$ cat run_29.cif   # mmCIF, C-alpha atoms
data_work
#
loop_
_atom_site.label_atom_id
_atom_site.label_comp_id
_atom_site.auth_asym_id
_atom_site.auth_seq_id
_atom_site.Cartn_x
_atom_site.Cartn_y
_atom_site.Cartn_z
CA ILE A 1 61.25 -117.87 33.60
CA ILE A 2 58.53 -119.03 36.00
CA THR A 3 59.50 -119.73 39.61
CA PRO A 4 57.50 -120.13 42.84
CA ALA A 5 58.88 -116.82 44.12
CA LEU A 6 57.14 -114.65 41.52
CA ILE A 7 53.82 -116.50 41.81
CA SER A 8 53.96 -116.26 45.61
CA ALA A 9 54.77 -112.54 45.45
CA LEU A 10 51.87 -111.82 43.09
CA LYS A 11 49.49 -113.91 45.19
CA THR A 12 50.59 -112.08 48.33
CA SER A 13 50.11 -108.70 46.65
CA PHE A 14 46.61 -109.61 45.46
CA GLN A 15 45.70 -111.03 48.87
CA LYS A 16 46.93 -107.86 50.58
CA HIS A 17 44.94 -105.71 48.15
CA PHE A 18 41.73 -107.68 48.70
CA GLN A 19 42.13 -107.84 52.48
CA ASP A 20 42.86 -104.11 52.74
CA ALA A 21 39.84 -103.32 50.57
CA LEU A 22 37.53 -105.58 52.60
CA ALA A 23 38.75 -104.65 56.09
CA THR A 24 38.12 -100.91 55.64
CA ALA A 25 34.67 -101.49 54.11
CA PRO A 26 31.96 -99.89 56.29
CA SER A 27 29.72 -102.09 58.42
CA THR A 28 26.12 -101.06 59.10
CA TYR A 29 24.02 -104.24 59.39
CA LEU A 30 25.43 -104.96 62.86
CA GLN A 31 23.59 -101.92 64.24
CA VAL A 32 20.17 -103.15 63.05
CA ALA A 33 20.85 -106.88 62.81
CA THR A 34 22.01 -109.81 64.93
CA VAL A 35 24.80 -112.16 63.84
CA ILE A 36 24.21 -115.85 64.59
CA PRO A 37 27.01 -118.09 63.25
CA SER A 38 26.17 -121.67 62.36
CA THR A 39 27.90 -124.86 61.23
CA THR A 40 24.99 -126.65 59.54
CA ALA A 41 22.59 -126.18 56.64
CA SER A 42 20.04 -124.16 58.62
CA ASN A 43 18.86 -123.19 62.09
CA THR A 44 15.46 -123.57 63.75
CA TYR A 45 13.91 -120.49 65.38
CA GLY A 46 10.86 -121.58 67.35
CA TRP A 47 11.52 -119.44 70.43
CA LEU A 48 10.51 -116.16 68.74
CA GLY A 49 7.05 -115.14 69.90
CA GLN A 50 5.62 -115.06 73.42
CA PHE A 51 7.35 -112.73 75.87
CA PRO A 52 8.70 -114.55 78.95
CA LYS A 53 7.23 -113.35 82.25
CA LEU A 54 7.09 -114.31 85.93
CA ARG A 55 4.23 -116.02 87.76
CA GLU A 56 3.32 -116.01 91.45
CA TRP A 57 3.82 -119.79 91.82
CA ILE A 58 0.45 -120.28 93.51
CA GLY A 59 0.53 -124.00 92.73
CA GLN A 60 2.96 -126.00 90.62
CA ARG A 61 5.82 -124.68 88.46
CA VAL A 62 4.60 -123.97 84.94
CA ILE A 63 6.71 -125.57 82.20
CA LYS A 64 6.49 -124.22 78.65
CA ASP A 65 6.24 -126.82 75.87
CA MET A 66 7.84 -124.93 73.00
CA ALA A 67 6.18 -125.13 69.59
CA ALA A 68 7.78 -127.48 67.06
CA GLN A 69 7.44 -124.97 64.21
CA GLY A 70 10.58 -123.33 62.89
CA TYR A 71 11.44 -120.30 60.80
CA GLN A 72 13.51 -122.36 58.32
CA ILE A 73 16.15 -119.74 57.57
CA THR A 74 17.60 -121.95 54.79
CA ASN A 75 20.84 -120.06 54.23
CA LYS A 76 22.13 -119.63 50.66
CA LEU A 77 25.39 -119.16 48.76
CA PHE A 78 26.71 -116.70 46.17
CA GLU A 79 30.01 -115.38 44.84
CA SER A 80 31.91 -113.77 41.95
CA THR A 81 35.22 -114.16 40.11
CA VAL A 82 37.44 -112.54 37.45
CA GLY A 83 40.52 -113.34 35.40
CA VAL A 84 43.91 -111.74 34.85
CA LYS A 85 44.50 -112.51 31.12
CA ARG A 86 48.20 -113.34 31.80
CA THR A 87 49.22 -110.06 30.14
CA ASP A 88 51.30 -109.02 33.16
CA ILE A 89 53.82 -111.89 33.05
CA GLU A 90 55.46 -110.59 29.86
CA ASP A 91 55.44 -106.81 30.38
CA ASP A 92 54.96 -106.69 34.18
CA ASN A 93 52.37 -103.90 33.82
CA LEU A 94 51.21 -104.48 37.38
CA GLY A 95 49.72 -100.99 37.74
CA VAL A 96 46.43 -102.35 36.40
CA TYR A 97 44.39 -105.11 38.14
CA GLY A 98 44.32 -103.15 41.42
CA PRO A 99 40.93 -101.46 41.16
CA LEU A 100 39.37 -104.85 40.37
CA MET A 101 40.54 -106.29 43.70
CA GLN A 102 39.44 -103.09 45.44
CA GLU A 103 36.00 -103.50 43.86
CA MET A 104 35.89 -107.10 45.11
CA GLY A 105 36.76 -106.02 48.66
CA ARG A 106 34.14 -103.28 48.61
CA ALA A 107 31.45 -105.60 47.23
CA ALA A 108 32.18 -108.35 49.76
CA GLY A 109 32.17 -105.86 52.63
CA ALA A 110 29.01 -104.07 51.50
CA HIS A 111 26.80 -106.93 50.25
CA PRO A 112 25.44 -107.98 53.69
CA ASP A 113 24.21 -104.43 54.32
CA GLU A 114 22.51 -104.36 50.93
CA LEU A 115 20.80 -107.70 51.53
CA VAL A 116 19.69 -106.76 55.06
CA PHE A 117 18.23 -103.44 53.96
CA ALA A 118 16.58 -104.98 50.88
CA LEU A 119 14.87 -107.53 53.13
CA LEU A 120 13.88 -104.70 55.47
CA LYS A 121 12.27 -102.80 52.59
CA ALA A 122 10.59 -106.00 51.36
CA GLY A 123 8.75 -106.51 54.65
CA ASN A 124 5.48 -105.91 52.79
CA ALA A 125 6.26 -108.87 50.47
CA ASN A 126 7.75 -111.42 52.89
CA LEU A 127 5.91 -113.89 55.12
CA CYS A 128 6.73 -114.13 58.82
CA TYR A 129 6.14 -117.03 61.21
CA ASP A 130 2.52 -115.86 61.60
CA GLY A 131 1.80 -116.94 58.01
CA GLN A 132 1.11 -113.38 56.80
CA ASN A 133 3.20 -110.46 55.60
CA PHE A 134 5.72 -108.92 57.99
CA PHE A 135 3.89 -105.57 57.79
CA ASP A 136 0.22 -106.59 57.76
CA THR A 137 -3.02 -105.32 59.27
CA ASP A 138 -4.18 -108.70 60.64
CA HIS A 139 -1.39 -109.92 62.90
CA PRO A 140 -2.46 -112.72 65.27
CA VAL A 141 -2.85 -111.82 68.95
CA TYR A 142 -4.62 -114.37 71.15
CA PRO A 143 -6.47 -113.48 74.37
CA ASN A 144 -5.04 -116.40 76.38
CA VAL A 145 -1.57 -117.73 77.15
CA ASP A 146 -2.33 -121.13 75.62
CA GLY A 147 -3.17 -119.40 72.32
CA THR A 148 -6.86 -120.12 71.76
CA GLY A 149 -10.02 -118.11 71.23
CA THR A 150 -10.92 -115.13 69.10
CA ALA A 151 -7.85 -113.02 68.30
CA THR A 152 -7.51 -109.30 67.54
CA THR A 153 -6.29 -107.46 64.45
CA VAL A 154 -3.19 -105.29 64.91
CA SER A 155 -1.73 -103.11 62.14
CA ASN A 156 1.72 -101.51 62.04
CA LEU A 157 1.57 -100.37 58.39
CA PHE A 158 0.08 -96.92 57.78
CA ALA A 159 -0.61 -95.24 54.44
CA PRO A 160 -2.76 -92.27 53.36
CA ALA A 161 -5.87 -92.84 51.28
CA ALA A 162 -3.69 -92.46 48.18
CA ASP A 163 -0.40 -91.02 46.86
CA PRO A 164 1.79 -92.63 49.54
CA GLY A 165 5.07 -90.82 50.13
CA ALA A 166 8.50 -91.94 51.26
CA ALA A 167 8.69 -94.90 53.64
CA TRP A 168 10.43 -94.68 57.01
CA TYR A 169 11.00 -97.42 59.58
CA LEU A 170 11.02 -97.43 63.39
CA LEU A 171 13.11 -100.12 65.08
CA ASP A 172 14.30 -101.15 68.54
CA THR A 173 17.69 -102.48 69.65
CA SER A 174 17.27 -102.67 73.45
CA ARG A 175 16.34 -106.36 73.29
CA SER A 176 18.91 -109.09 72.77
CA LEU A 177 17.70 -109.72 69.21
CA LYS A 178 17.41 -107.02 66.58
CA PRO A 179 14.37 -107.26 64.28
CA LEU A 180 16.56 -108.72 61.51
CA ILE A 181 18.92 -111.70 61.79
CA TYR A 182 22.00 -112.03 59.57
CA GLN A 183 23.27 -115.61 59.50
CA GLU A 184 26.91 -116.41 58.75
CA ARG A 185 27.75 -120.01 57.86
CA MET A 186 31.21 -119.08 56.55
CA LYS A 187 33.12 -115.82 56.33
CA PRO A 188 33.86 -114.70 52.75
CA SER A 189 37.07 -116.29 51.48
CA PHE A 190 39.23 -115.73 48.41
CA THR A 191 41.06 -118.48 46.50
CA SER A 192 44.24 -117.55 44.63
CA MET A 193 43.73 -120.18 41.93
CA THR A 194 46.85 -119.75 39.80
CA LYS A 195 48.94 -122.81 38.90
CA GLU A 196 51.18 -123.63 35.95
CA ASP A 197 50.22 -127.33 35.90
CA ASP A 198 46.48 -126.68 36.34
CA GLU A 199 43.94 -126.41 33.53
CA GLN A 200 41.93 -123.76 31.72
CA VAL A 201 45.22 -121.89 32.18
CA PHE A 202 47.54 -123.54 29.68
CA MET A 203 44.71 -124.05 27.19
CA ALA A 204 43.17 -120.70 28.13
CA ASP A 205 45.21 -117.53 28.74
CA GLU A 206 43.78 -116.39 32.07
CA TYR A 207 44.54 -116.63 35.79
CA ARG A 208 41.07 -116.81 37.31
CA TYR A 209 40.55 -115.52 40.85
CA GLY A 210 37.47 -116.16 42.95
CA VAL A 211 35.84 -115.49 46.30
CA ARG A 212 33.36 -117.65 48.20
CA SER A 213 30.88 -116.97 50.99
CA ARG A 214 27.76 -118.41 52.61
CA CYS A 215 25.20 -116.29 54.47
CA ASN A 216 21.56 -115.24 54.54
CA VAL A 217 19.27 -112.74 56.25
CA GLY A 218 15.83 -113.29 57.75
CA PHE A 219 13.19 -111.53 59.81
CA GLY A 220 12.83 -111.79 63.57
CA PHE A 221 9.66 -110.82 65.45
CA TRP A 222 7.40 -107.97 64.33
CA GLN A 223 6.72 -106.65 67.85
CA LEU A 224 9.46 -104.04 67.32
CA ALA A 225 9.69 -103.11 63.64
CA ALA A 226 7.15 -100.62 62.31
CA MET A 227 6.67 -99.04 58.88
CA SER A 228 4.91 -95.89 57.72
CA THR A 229 4.69 -94.18 54.33
CA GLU A 230 3.20 -91.01 55.85
CA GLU A 231 5.05 -87.72 55.59
CA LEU A 232 7.55 -87.54 58.43
CA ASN A 233 5.85 -85.02 60.73
CA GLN A 234 5.63 -84.56 64.48
CA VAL A 235 2.03 -85.80 64.70
CA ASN A 236 2.63 -88.93 62.62
CA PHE A 237 5.88 -89.75 64.41
CA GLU A 238 4.19 -89.34 67.79
CA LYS A 239 1.30 -91.56 66.69
CA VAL A 240 3.65 -94.29 65.49
CA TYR A 241 5.77 -94.04 68.64
CA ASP A 242 2.83 -94.25 71.05
CA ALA A 243 1.19 -97.06 69.07
CA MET A 244 4.39 -99.12 69.08
CA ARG A 245 5.17 -98.40 72.74
CA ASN A 246 1.60 -99.32 73.77
CA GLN A 247 1.92 -102.93 72.58
CA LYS A 248 0.34 -105.56 74.84
CA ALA A 249 1.02 -109.30 74.74
CA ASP A 250 -1.54 -112.05 75.27
CA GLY A 251 -3.90 -111.04 78.06
CA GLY A 252 -3.41 -107.31 77.48
CA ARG A 253 -0.11 -106.98 79.33
CA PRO A 254 2.36 -104.33 78.08
CA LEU A 255 5.68 -105.59 76.72
CA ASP A 256 7.63 -102.50 77.87
CA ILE A 257 8.90 -101.73 74.37
CA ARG A 258 11.58 -99.02 74.12
CA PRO A 259 11.97 -97.74 70.55
CA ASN A 260 15.62 -96.84 70.02
CA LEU A 261 16.26 -95.54 66.48
CA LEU A 262 14.25 -94.45 63.44
CA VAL A 263 15.60 -95.30 59.98
CA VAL A 264 14.94 -93.00 57.02
CA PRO A 265 16.56 -92.71 53.59
CA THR A 266 19.08 -89.95 52.97
CA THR A 267 16.22 -88.03 51.33
CA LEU A 268 14.41 -87.50 54.66
CA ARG A 269 17.44 -86.40 56.70
CA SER A 270 15.99 -82.88 56.94
CA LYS A 271 12.72 -84.22 58.36
CA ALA A 272 14.64 -86.46 60.76
CA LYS A 273 16.60 -83.40 61.92
CA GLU A 274 13.44 -81.33 62.39
CA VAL A 275 11.69 -84.07 64.38
CA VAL A 276 14.83 -85.01 66.36
CA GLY A 277 18.28 -83.48 66.69
CA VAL A 278 17.30 -79.79 66.58
CA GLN A 279 15.84 -77.43 69.17
CA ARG A 280 13.37 -75.80 66.75
CA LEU A 281 9.92 -77.18 66.01
CA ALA A 282 7.84 -76.22 62.99
CA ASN A 283 6.08 -73.61 65.13
CA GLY A 284 9.41 -72.71 66.73
CA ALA A 285 8.88 -74.06 70.26
CA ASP A 286 11.29 -76.30 72.13
CA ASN A 287 11.11 -79.94 71.08
CA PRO A 288 9.51 -82.50 73.41
CA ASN A 289 11.41 -85.30 71.61
CA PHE A 290 14.93 -83.88 71.34
CA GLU A 291 17.63 -86.56 71.14
CA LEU A 292 14.95 -89.15 71.91
CA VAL A 293 16.20 -91.52 69.19
CA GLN A 294 19.48 -91.99 67.33
CA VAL A 295 18.81 -91.46 63.62
CA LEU A 296 20.87 -93.54 61.17
CA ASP A 297 20.83 -92.17 57.63
CA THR A 298 21.88 -94.61 54.91
CA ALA A 299 22.23 -94.72 51.13
CA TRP A 300 21.02 -98.33 50.88
CA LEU A 301 17.44 -97.04 51.23
CA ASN A 302 17.86 -94.51 48.39
CA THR B 1 18.23 -105.04 23.12
CA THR B 2 17.88 -101.27 22.97
CA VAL B 3 19.95 -99.56 25.68
CA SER B 4 20.14 -95.76 25.65
CA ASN B 5 22.23 -93.49 27.88
CA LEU B 6 21.61 -90.27 25.89
CA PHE B 7 18.25 -88.52 26.31
CA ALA B 8 17.83 -85.49 24.05
CA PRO B 9 14.73 -83.61 22.84
CA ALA B 10 13.54 -83.74 19.23
CA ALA B 11 15.28 -80.42 18.50
CA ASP B 12 16.56 -77.21 20.17
CA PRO B 13 18.64 -79.09 22.77
CA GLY B 14 19.56 -77.22 25.94
CA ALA B 15 22.42 -77.56 28.38
CA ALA B 16 23.91 -81.03 28.83
CA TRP B 17 23.89 -82.53 32.33
CA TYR B 18 25.41 -85.79 33.54
CA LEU B 19 24.24 -88.41 36.04
CA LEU B 20 27.10 -90.41 37.57
CA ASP B 21 27.54 -93.10 40.22
CA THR B 22 30.60 -93.60 42.43
CA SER B 23 29.34 -96.59 44.43
CA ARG B 24 31.78 -98.94 42.71
CA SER B 25 35.46 -98.89 43.60
CA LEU B 26 36.46 -97.66 40.13
CA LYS B 27 34.67 -94.74 38.50
CA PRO B 28 33.40 -94.36 34.92
CA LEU B 29 36.55 -92.39 34.02
CA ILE B 30 40.20 -93.40 34.40
CA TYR B 31 43.20 -91.08 34.68
CA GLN B 32 46.64 -92.51 33.92
CA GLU B 33 49.81 -91.40 35.73
CA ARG B 34 52.99 -92.13 33.78
CA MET B 35 55.32 -89.53 35.33
CA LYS B 36 54.63 -87.00 38.05
CA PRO B 37 54.95 -83.32 37.06
CA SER B 38 58.54 -82.09 37.20
CA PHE B 39 60.11 -78.69 36.55
CA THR B 40 63.52 -78.44 34.87
CA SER B 41 65.75 -75.48 35.72
CA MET B 42 67.97 -74.44 32.81
CA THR B 43 69.54 -71.11 31.83
CA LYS B 44 73.11 -71.44 30.56
CA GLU B 45 73.11 -72.88 27.03
CA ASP B 46 74.63 -69.85 25.28
CA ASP B 47 71.00 -69.22 24.26
CA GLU B 48 68.28 -67.38 26.19
CA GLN B 49 70.49 -66.67 29.20
CA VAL B 50 72.37 -63.48 28.29
CA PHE B 51 72.05 -63.46 24.51
#
$ encode --input "run_29.cif" --output "structure tokens"
Amino acid sequence: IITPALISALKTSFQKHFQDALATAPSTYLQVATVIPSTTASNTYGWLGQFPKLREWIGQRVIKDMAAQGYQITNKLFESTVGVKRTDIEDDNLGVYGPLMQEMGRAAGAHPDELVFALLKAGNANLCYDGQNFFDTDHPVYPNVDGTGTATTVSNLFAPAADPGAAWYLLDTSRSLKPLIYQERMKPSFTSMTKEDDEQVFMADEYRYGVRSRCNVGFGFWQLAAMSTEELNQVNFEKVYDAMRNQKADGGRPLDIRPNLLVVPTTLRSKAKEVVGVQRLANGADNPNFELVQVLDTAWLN
Amino acid sequence: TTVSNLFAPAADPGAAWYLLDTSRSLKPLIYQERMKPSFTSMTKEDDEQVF
């Protein structure tokens, strides 16, 4: 009645279903995130900060003593499972139980994007290495390389006096690191737990199936990312662009920032088109910012 | 707990409109498929062919 052949065939069918569902799932975090695989509990990120530069070597070779502080990514774990109910063995009604595996593949493929974009939206409620919010009006900027003396207040969060509108983000991808980092301790894996001599199977009436994964997402350095709840207009976009591109490191030296793409929800696609991607301005003159940035509309931002 | 998915006025209800989500792999509605449509050709039964 029960032989290894049938169990193997069903396991292969379920594995094929799940793998097909997951492989074709869209990937979007890679564009605005950096993947850093690891083989431990966490990774230390103390190199984010100062911008490396070149000196004239007037005297001796300067050696940088890196700070001992770390970001403490502290990756996490999470997963989901179902059962089969064993109903198929008797009647072989295998038509059902497909959409469940498809849903698993979709969820596994799409979760990292959801987490990355949720962290991106939560920048106003997450602390960076500076000890303050990611989008804050009092970021630390010292006047000396050693990092001492009175600092200056820099703000990259803009909001009208009241009734703030939709929120749009401006990011950069030219650098090696994207503003957000998506860790990956282990790729998601599925376990075809179905045995006749196992337990909670003979005493229950289910063939449980589960998936496992380990990953987490964290912020990078705020020099690039910018946020603004202002209405997406030419003047506001130009102000944000020129404020971000005019960033100076310690000692008032420009960083040569090159904003690449601007992220808006699917609701503001029309405004993104009007600002960039069309040859008509509001007044009807030729754009001075045509195809300047590559817009990336997404549903994860509503 | 009280969960409601039907919002109607006190009286004089108007047209009914639906809000749906297709983010999940399977949708709120399911359509079975037992046998594909098939057309049977049949004339000569001594009935409804010539008579």
$ interface_residues --input "run_29.cif" --of "chain B" --to "chain A" --cutoff "8 Å" --atoms "all atoms listed in the file" --output "list in words"
residues 24, 25 and 26 of chain B
$ closest_residue --input "run_29.cif" --among "A:110, A:88, A:29, A:228" --to "residue 23 (chain B)" --atoms "only C-alpha atoms"
A:110
$ atom_distance --input "run_29.cif" --atom1 "CA of residue 40 (chain A)" --atom2 "CA of residue 213 (chain A)"
14.2 Å
$ closest_residue --input "run_29.cif" --among "A:74, A:144, A:24, A:233" --to "residue 270 (chain A)" --atoms "all atoms listed in the file"
A:233
$ residues_around --input "run_29.cif" --residues "residue 189 (chain A)" --least-positions-apart "2" --cutoff "9 Å" --atoms "all atoms listed in the file" --output "list in words"
residues 186, 187, 191, 210, 211, 212 and 213 of chain A
$ closest_residue --input "run_29.cif" --among "A:193, A:215, A:240, A:226" --to "residue 10 (chain A)" --atoms "all atoms listed in the file"
A:193
$ residues_near_point --input "run_29.cif" --point "(15.8, -103.1, 63.2)" --cutoff "6 Å" --atoms "all atoms listed in the file" --output "PDB file with C-alpha atoms, in the coordinates of the input"
ATOM      1  CA  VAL A  32      20.170-103.150  63.050  1.00  0.00           C
ATOM      2  CA  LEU A 171      13.110-100.120  65.080  1.00  0.00           C
ATOM      3  CA  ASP A 172      14.300-101.150  68.540  1.00  0.00           C
ATOM      4  CA  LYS A 178      17.410-107.020  66.580  1.00  0.00           C
ATOM      5  CA  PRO A 179      14.370-107.260  64.280  1.00  0.00           C
ATOM      6  CA  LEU A 180      16.560-108.720  61.510  1.00  0.00           C
TER       7      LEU A 180
END
$ residues_around --input "run_29.cif" --residues "residue 34 (chain A)" --least-positions-apart "6" --cutoff "12 Å" --atoms "only C-alpha atoms" --output "MDAnalysis selection string"
chainID A and resid 28 112 116 173 175:184 216:220
$ residues_around --input "run_29.cif" --residues "residue 13 (chain A)" --least-positions-apart "5" --cutoff "12 Å" --atoms "all atoms listed in the file" --output "JSON, numbers by chain"
{"A": [6, 7, 8, 18, 19, 20, 94, 95, 97, 98, 101, 192]}
$ atom_distance --input "run_29.cif" --atom1 "CA of residue 254 (chain A)" --atom2 "CA of residue 57 (chain A)"
20.7 Å
$ resolve_selection --input "run_29.cif" --expression "the PyMOL selection byres ((chain A and resi 272-283) around 8)" --output "PDB file with C-alpha atoms, keeping the file's coordinate frame"
ATOM      1  CA  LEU A 232       7.550 -87.540  58.430  1.00  0.00           C
ATOM      2  CA  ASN A 233       5.850 -85.020  60.730  1.00  0.00           C
ATOM      3  CA  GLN A 234       5.630 -84.560  64.480  1.00  0.00           C
ATOM      4  CA  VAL A 264      14.940 -93.000  57.020  1.00  0.00           C
ATOM      5  CA  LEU A 268      14.410 -87.500  54.660  1.00  0.00           C
ATOM      6  CA  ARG A 269      17.440 -86.400  56.700  1.00  0.00           C
ATOM      7  CA  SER A 270      15.990 -82.880  56.940  1.00  0.00           C
ATOM      8  CA  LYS A 271      12.720 -84.220  58.360  1.00  0.00           C
ATOM      9  CA  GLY A 284       9.410 -72.710  66.730  1.00  0.00           C
ATOM     10  CA  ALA A 285       8.880 -74.060  70.260  1.00  0.00           C
ATOM     11  CA  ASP A 286      11.290 -76.300  72.130  1.00  0.00           C
ATOM     12  CA  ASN A 287      11.110 -79.940  71.080  1.00  0.00           C
ATOM     13  CA  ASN A 289      11.410 -85.300  71.610  1.00  0.00           C
ATOM     14  CA  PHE A 290      14.930 -83.880  71.340  1.00  0.00           C
ATOM     15  CA  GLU A 291      17.630 -86.560  71.140  1.00  0.00           C
ATOM     16  CA  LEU A 292      14.950 -89.150  71.910  1.00  0.00           C
ATOM     17  CA  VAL A 293      16.200 -91.520  69.190  1.00  0.00           C
ATOM     18  CA  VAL A 295      18.810 -91.460  63.620  1.00  0.00           C
TER      19      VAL A 295
END
$ closest_atom_pairs --input "run_29.cif" --of "region 16-42 of chain B" --to "region 7-12 of chain B" --cutoff "12 Å" --atoms "all atoms listed in the file" --output "Markdown table"
| residue | atom | partner | partner_atom | distance |
| --- | --- | --- | --- | --- |
| B:16 | CA | B:8 | CA | 8.9 |
| B:17 | CA | B:7 | CA | 10.2 |
| B:18 | CA | B:7 | CA | 10.5 |
| B:19 | CA | B:7 | CA | 11.4 |
$ closest_residue --input "run_29.cif" --among "A:302, A:156, A:205, A:115" --to "residue 243 (chain A)" --atoms "only C-alpha atoms"
A:156
$ atom_distance --input "run_29.cif" --atom1 "CA of residue 109 (chain A)" --atom2 "CA of residue 294 (chain A)"
23.9 Å
$ resolve_selection --input "run_29.cif" --expression "the PyMOL selection byres ((chain A and resi 169) around 9)" --output "JSON, numbers by chain"
{"A": [120, 121, 167, 168, 170, 171, 225, 226, 227, 228, 229, 261, 262, 263, 264]}
$ write_last_selection --input "run_29.cif" --atoms "C-alpha atoms" --output "compact mmCIF listing (two decimals), keeping the file's coordinate frame"
# COMPACT_ATOMS: atom_id res chain seq x y z
CA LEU A 120 13.88 -104.70 55.47
CA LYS A 121 12.27 -102.80 52.59
CA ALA A 167 8.69 -94.90 53.64
CA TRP A 168 10.43 -94.68 57.01
CA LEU A 170 11.02 -97.43 63.39
CA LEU A 171 13.11 -100.12 65.08
CA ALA A 225 9.69 -103.11 63.64
CA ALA A 226 7.15 -100.62 62.31
CA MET A 227 6.67 -99.04 58.88
CA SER A 228 4.91 -95.89 57.72
CA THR A 229 4.69 -94.18 54.33
CA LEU A 261 16.26 -95.54 66.48
CA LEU A 262 14.25 -94.45 63.44
CA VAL A 263 15.60 -95.30 59.98
CA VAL A 264 14.94 -93.00 57.02
$ resolve_selection --input "run_29.cif" --expression "the PyMOL selection byres ((chain A and resi 253) around 12)" --output "list in words"
residues 50, 51, 52, 53, 141, 142, 143, 144, 145, 246, 247, 248, 249, 250, 251, 252, 254, 255, 256 and 257 of chain A
$ build_atoms --input "run_29.cif" --residues "region 35-48 of chain B" --atoms "N, CA, C and O atoms" --output "compact mmCIF listing (two decimals), in the coordinates of the input"
# COMPACT_ATOMS: atom_id res chain seq x y z
N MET B 35 54.26 -90.21 34.59
CA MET B 35 55.32 -89.53 35.33
C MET B 35 54.72 -88.33 36.04
O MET B 35 53.92 -87.59 35.46
N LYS B 36 55.11 -88.14 37.30
CA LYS B 36 54.63 -87.00 38.05
C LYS B 36 55.17 -85.70 37.45
O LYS B 36 56.25 -85.69 36.85
N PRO B 37 54.44 -84.59 37.59
CA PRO B 37 54.95 -83.32 37.06
C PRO B 37 56.31 -82.98 37.65
O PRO B 37 56.56 -83.17 38.84
N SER B 38 57.19 -82.47 36.80
CA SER B 38 58.54 -82.09 37.20
C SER B 38 58.95 -80.84 36.45
O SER B 38 58.65 -80.70 35.26
N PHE B 39 59.65 -79.94 37.14
CA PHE B 39 60.11 -78.69 36.55
C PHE B 39 61.63 -78.76 36.39
O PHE B 39 62.34 -79.13 37.32
N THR B 40 62.10 -78.41 35.19
CA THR B 40 63.52 -78.44 34.87
C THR B 40 64.06 -77.02 34.86
O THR B 40 63.55 -76.16 34.14
N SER B 41 65.09 -76.78 35.66
CA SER B 41 65.75 -75.48 35.72
C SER B 41 66.91 -75.48 34.73
O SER B 41 67.79 -76.35 34.79
N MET B 42 66.92 -74.50 33.82
CA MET B 42 67.97 -74.44 32.81
C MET B 42 68.06 -73.03 32.25
O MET B 42 67.07 -72.52 31.70
N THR B 43 69.22 -72.41 32.41
CA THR B 43 69.54 -71.11 31.83
C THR B 43 70.71 -71.13 30.86
O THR B 43 70.57 -70.67 29.72
N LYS B 44 71.86 -71.67 31.27
CA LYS B 44 73.11 -71.44 30.56
C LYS B 44 73.28 -72.48 29.46
O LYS B 44 73.75 -73.60 29.68
N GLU B 45 72.90 -72.09 28.24
CA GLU B 45 73.11 -72.88 27.03
C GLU B 45 73.67 -72.02 25.91
O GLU B 45 73.61 -72.40 24.74
N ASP B 46 74.22 -70.86 26.25
CA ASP B 46 74.63 -69.85 25.28
C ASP B 46 73.44 -69.33 24.48
O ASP B 46 73.61 -68.64 23.48
N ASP B 47 72.22 -69.67 24.91
CA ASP B 47 71.00 -69.22 24.26
C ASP B 47 69.95 -68.95 25.33
O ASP B 47 69.70 -69.81 26.18
N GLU B 48 69.35 -67.77 25.27
CA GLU B 48 68.28 -67.38 26.19
C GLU B 48 68.75 -67.41 27.64
O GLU B 48 68.00 -67.79 28.55
